[PDB]
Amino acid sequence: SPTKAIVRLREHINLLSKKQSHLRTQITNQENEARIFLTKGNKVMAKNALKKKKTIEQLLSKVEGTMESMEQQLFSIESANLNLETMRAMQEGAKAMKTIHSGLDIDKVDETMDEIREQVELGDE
């Protein structure tokens, strides 16, 4: 159902959120490894650690892009459900106004209305 898709989007979103926390940790850790390589005067290994930092940041970007597509999909479903709730209310509402409109069981007033209606329009063409 629509509620089926909603719950799984949430579950997927929640898991991606933890991947994101994890990736930020590793980003930090690569930064700190680079500083330590420098205090040992190993300029090459520090650059290698910063390049690895760059790739994790790229992957964190992909994680957040997946999350964002899922949040938009969720919103689209919830809005569409609200729009459908309106349409069903309107349907049932129009049924109720039709019952009320013909709630005069004897003496057809509405046929006389349509007669007078056409007389009024007889300049229009």
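Numbers follow the displayed sequence, beginning with 1.
Mean CA B-factor, 69 to 77 versus 40 to 48: the higher value falls on 40 to 48. For the pair 2 to 10 and 115 to 123, the record assigns the higher mean C-alpha temperature factor to 115 to 123. Ranked against the other modelled residues of its chain, the C-alpha B-factor of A34 as given in the entry falls in the middle third. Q20: CA B factor in the middle third of modelled residues in this chain (values from the PDB entry). In the deposited entry, the Cα temperature factor of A96 sits in the middle third of values across the chain's modelled residues.
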